[PDB]
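Undergrad: Mind looking over this structure? Questions follow.
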Amino acid sequence: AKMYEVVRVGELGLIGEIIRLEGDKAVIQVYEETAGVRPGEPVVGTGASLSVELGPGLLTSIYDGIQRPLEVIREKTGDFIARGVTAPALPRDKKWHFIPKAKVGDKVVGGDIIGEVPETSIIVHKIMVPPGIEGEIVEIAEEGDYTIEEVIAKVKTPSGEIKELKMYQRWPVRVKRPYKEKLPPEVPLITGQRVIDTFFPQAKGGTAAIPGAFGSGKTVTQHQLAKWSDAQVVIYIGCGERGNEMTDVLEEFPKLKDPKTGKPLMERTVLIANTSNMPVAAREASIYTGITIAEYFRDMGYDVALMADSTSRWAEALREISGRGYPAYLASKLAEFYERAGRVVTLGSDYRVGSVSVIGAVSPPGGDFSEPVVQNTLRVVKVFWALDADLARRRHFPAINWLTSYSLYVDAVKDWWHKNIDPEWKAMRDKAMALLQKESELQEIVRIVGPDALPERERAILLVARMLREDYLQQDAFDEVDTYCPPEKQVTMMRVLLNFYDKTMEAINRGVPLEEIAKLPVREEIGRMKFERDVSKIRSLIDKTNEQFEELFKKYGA
């Protein structure tokens with residue numbers, strides 16, 4: 001009997017005589033397991049690999065799990081149903097402006113950039129020698145307009161073999177794109193969101209997760225990350241977790257502006273879509289397709305952000321087996337996916353660095369986690385931003401719980417902050433975090449015994465922790481200034497707050513009543529500094545704080 005592990009649509013897991021797992025569209029099957037063409041049930045093998053096309057055409061595109069383009073059908077009750085159609089990944093009709101960057105006689109290796117194509121108004125697409133090709137450029141195209149199938153260069157290998165190069169290349173999605181070296185985490189992916197960059201930093205090339213649960217301001221946070229992180233290119237996977245998602249992706253996504261250029265965000269984005277309507281095999285393949293495309297852009301020397309929010313549609317690619325699916329293996333590959341994240345010295349003759357940072361949504365079963373998509377080789381994820389519904393209901397925005405979130409990149413990125421931005425960055429965050437932890441402990445004790453017997457010193461810690469939460473952790477994504485917080489602004493707002501802490505504890509020491517400090521006028525300016533775009537005006541709050549505390553030391557014995 002045929003196990004019909006999929007409905008006859010767009011891909012299936014084929015298990016052969018002696019070799020397990022391959023895939024097709026019609027009945028002709030591209031294969032991971034090498035095979036000997038013509039097993040049981042009329043199945044004929046092919047060239048080989050499940051692969052993607054990489055060249056001009058990727059940007060602004062929407063694909064399914066195996067890089068076949070759109071085709072949509074109209075309304076319903078979800079109202080936009082989409083499916084992957086057998087057509088070409090990169091348009092064969094369009095003319096691209098090719099600019100040569102190499103010349104006849106140049107020696108080249110894989111990764112070398114031999115030309116450039118302005119693909120969109122945002123991104124210059126770098127044309128690269130495919131991995132494993134090297135030798136002498138014996139022929140190269142003149143500046144001009146060409147379709148993707150046109151040969152733009154010829155390379156003679158050391159054998160004398162002549163290789164024909166196009167503006168695009170193919171790569172098997174299940175094989176990591178090669179590079180020279182994976183560099184240790186070091187440079188932060190700057191999100192411009194205070195709580196993240198300060199307390200739970202992402203490294204360029206790092207791995208982060210958020211809860212996939214709707215609400216808590218997830219789509220706001222995902223939108224903020226996609227548009228503000230200092231990655232040049234975004235690869236987004238999902239689009240199918242709710243009924244209306246595809247609808248919003250077709251109507252609204254072309255409207256979104258890259259705030260850094262004023263141009264459409266789609267002009268540095270590639271979308272991969274996973275839906276209930278699509279074959280279970282394509283959705284399994286989707287993450288590999290996405291990360292291969294991400295790697296391909298890092299190879300050019302770009303920082304890229306691979307963002308996935310498709311847990312339920314991806315996870316429901318769960319399937320029946322009989323024979324042996326695979327116990328200590330179902331999370332071993334998810335590991336190999338996350339393992340493909342990294343900042344690397346890329347292939348090429350020039351020293352060149354690119355990265356893929358991964359931000360993935362994680363949804364166990366519903367609310368509380370157990371074992372589903374949670375805690376196998378968990379330490380594969382180094383950052384967790386714990387979007388928290390309770391915080392959302394208290395209207396604390398970005399609803400990131402600062403007690404259950406973590407980052408293992410704090411020490412990895414501190415040196416970049418110390419030498420480029422502020423020598424005290426790490427000392428200041430640790431100090432602020434200790435205050436938040438103390439506040440939490442105090443709030444729990446108070447819950448029990450009441451707030452009435454609180455000494456001044458503890459009331460002061462509570463006052464300043466509250467200022468940290470309101471003036472620093474809370475950030476307004478909808479505000480034209482506070483939508484992004486530059487690194488220099490982040491450290492300056494922190495110094496203002498921590499200097500206010502220092503002066504508060506000092507004042508209390510010299511017998512200044514806390515009610516006097518709570519009403520210090522500068523406090524309300526500290527409450528609004530996130531809205532101030534001029535960082536020098538924010539810095540001037542340090543002296544203004546100092547001065548006002550002086551007038552307090554005067555109104556008292558000091």
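Undergrad: Mind checking which residues of segment 229-248 are under 17 Å from the mean Cα position of the chain (by Cα), of a type in the set (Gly, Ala, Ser) and under 24 Å from residue 276 (Cα atoms)? It would help to see each step written out before you state the result.
TA: As a first pass, look at segment 229-248 and keep what is under 17 Å from the mean Cα position of the chain (by Cα): 229-239.
Retained after the next criterion (residues that are of a type in the set (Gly, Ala, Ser)): 229, 231, 238.
The answer is 238, and nothing else.
Undergrad: Filter segment 178-198 down to the residues that are surrounded by fewer than 22 Cβ atoms within 10 Å (Cβ to Cβ) and more than 17 Å from the chain's Cα centre (by Cα), then identify the one that is nearest to residue 425 (Cα to Cα).
TA: The extreme case among them is 184.
Undergrad: What single numbered condition from (1) within 13 Å of residue 461 (Cα to Cα); (2) out of contact with any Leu (no Cβ under 9 Å at 6 or more places or on another chain); (3) surrounded by 18 or more Cβ atoms within 10 Å (Cβ to Cβ) fails to hold for residue 490?
TA: With (1) within 13 Å of residue 461 (Cα to Cα); (2) out of contact with any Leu (no Cβ under 9 Å at 6 or more places or on another chain); (3) surrounded by 18 or more Cβ atoms within 10 Å (Cβ to Cβ) applied to residue 490, the lone miss is (1).
Undergrad: Output the residues belonging to segment 398-444 that are of a type in the set (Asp, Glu) and surrounded by fewer than 19 Cβ atoms within 10 Å (Cβ to Cβ). Step through it out loud before you land on a result.
TA: At the first step, the residues of segment 398-444 found to be of a type in the set (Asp, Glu) are 411, 415, 422, 424, 430, 439, 441, 444.
Listed by number, the residues that qualify are 411, 415, 422, 424, 430, 441, 444.
Undergrad: Can you find a residue in segment 182-197 that is polar (S, T, N, Q) and closer than 21 Å to residue 401 by Cα? Full working, then the answer.
TA: Within segment 182-197, the first condition is being polar (S, T, N, Q), and the residues that meet it are 191, 193.
Then keep just the ones that are closer than 21 Å to residue 401 by Cα; that gives 191, 193.
Yes, segment 182-197 has at least one match.
Undergrad: Hey, any hits in segment 472-483 for a residue that's outside the structural domain of residue 400 (by CATH) and touching a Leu at 6+ places or on another chain (Cβ under 7 Å)? Can you show your working first?
TA: Keep residues of segment 472-483 that are outside the structural domain of residue 400 (by CATH), which gives 472-483.
Adding the requirement that they be touching a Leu at 6+ places or on another chain (Cβ under 7 Å) leaves 472.
Yes, there is a match, as at least one residue in segment 472-483 is outside the structural domain of residue 400 (by CATH) and touching a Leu at 6+ places or on another chain (Cβ under 7 Å).
Undergrad: Every residue in segment 249-264 that is outside any loop (DSSP other than H, G, I, E, B) and within 20 Å of the chain's Cα centre (by Cα), please. Before you say what the answer is, go through the steps one by one.
TA: Initial filter on segment 249-264 (outside any loop (DSSP other than H, G, I, E, B)): 249-251, 257, 264.
Selection gives 249, 257, 264.
Undergrad: Let me ask another. So which helices (runs of 4 or more DSSP H) stay within segment 388-478 end to end and still have 1 or more residues that are polar (S, T, N, Q) and touching a strand residue (DSSP E or B) at 6+ places or on another chain (Cβ under 9 Å)? Before you say what the answer is, go through the steps one by one.
TA: Numbers: elements: 389-393, 410-420, 425-449, 456-468.
Once the helices (runs of 4 or more DSSP H) in segment 388-478 are filtered for at least 1 residues that are polar (S, T, N, Q) and touching a strand residue (DSSP E or B) at 6+ places or on another chain (Cβ under 9 Å), nothing remains.
Undergrad: In segment 141-195, what residues are among the small types (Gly, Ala, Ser), part of a loop (DSSP other than H, G, I, E, B) and outside the structural domain of residue 207 (by CATH)? I'd like the intermediate steps shown before the answer.
TA: Of all residues in segment 141-195, those among the small types (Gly, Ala, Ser) come to 141, 144, 153, 159-160, 192.
Retained after the next criterion (residues that are part of a loop (DSSP other than H, G, I, E, B)): 141, 159-160, 192.
Correct list: 141, 159, 160.
Undergrad: Which of (1) over 20 Å from residue 541 (Cβ atoms); (2) of a type in the set (D, E, K, R); (3) out of contact with any helix residue (DSSP H, G or I) (no Cβ under 7 Å at 6 or more places or on another chain) is the odd one out, the single condition residue 459 does not satisfy?
TA: Unmet for residue 459, out of (1) over 20 Å from residue 541 (Cβ atoms); (2) of a type in the set (D, E, K, R); (3) out of contact with any helix residue (DSSP H, G or I) (no Cβ under 7 Å at 6 or more places or on another chain): (3).
Undergrad: Do we find a residue being outside any helix (DSSP H, G or I) and acidic (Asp, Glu) anywhere in segment 276-297? Reasoning before the result, please.
TA: Filtering segment 276-297 for residues outside any helix (DSSP H, G or I) gives 276-279.
Still in the running and acidic (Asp, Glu): none.
The answer is no; no qualifying residue exists.
Undergrad: Considering only residues that are under 21 Å from residue 427 (Cβ atoms) and aromatic (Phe, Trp, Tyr), look in segment 199-216 and name the one that is surrounded by the most Cβ atoms within 10 Å (Cβ to Cβ).
TA: 200
Undergrad: Just checking: which of the strands (runs of 3 or more DSSP E) contained wholly in segment 35-106 hold 1 or more residues that are of a type in the set (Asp, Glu) and touching a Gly at 6+ places or on another chain (Cβ under 6 Å)? Break it down stepwise before answering.
TA: Numbers: elements: 51-54, 62-64, 96-100.
Because the criterion is at least 1 residues that are of a type in the set (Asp, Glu) and touching a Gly at 6+ places or on another chain (Cβ under 6 Å), the strands (runs of 3 or more DSSP E) in segment 35-106 that meet it are 62-64.
Undergrad: Does residue 367 satisfy the condition of being in a loop (DSSP other than H, G, I, E, B), over 20 Å from the mean Cα position of the chain (by Cα) and under 24 Å from residue 211 (Cα atoms)?
TA: Working: in a loop (DSSP other than H, G, I, E, B): yes; over 20 Å from the mean Cα position of the chain (by Cα): yes; under 24 Å from residue 211 (Cα atoms): yes.
Yes.
Undergrad: A follow-up question, please. Select from segment 308-331 the residues that are surrounded by fewer than 18 Cβ atoms within 10 Å (Cβ to Cβ) and assigned to a helix (DSSP H, G or I) and write down the one among them that is nearest to the chain's Cα centre (by Cα).
TA: Restricting to residues being surrounded by fewer than 18 Cβ atoms within 10 Å (Cβ to Cβ) and assigned to a helix (DSSP H, G or I), the top hit is 315.
Undergrad: Out of segment 98-115, which residues are within 24 Å of residue 345 (Cα to Cα) and not basic (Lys, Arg)?
TA: Matches in segment 98-115: 100, 102, 106, 108, 109, 110, 111, 112, 113, 114, 115.
Backbone-built Cβ (ideal geometry, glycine too); neighbour counts: all protein chains shown. All of this is worked out from the model, or read from it or from the source named; no laboratory instrument gave them.
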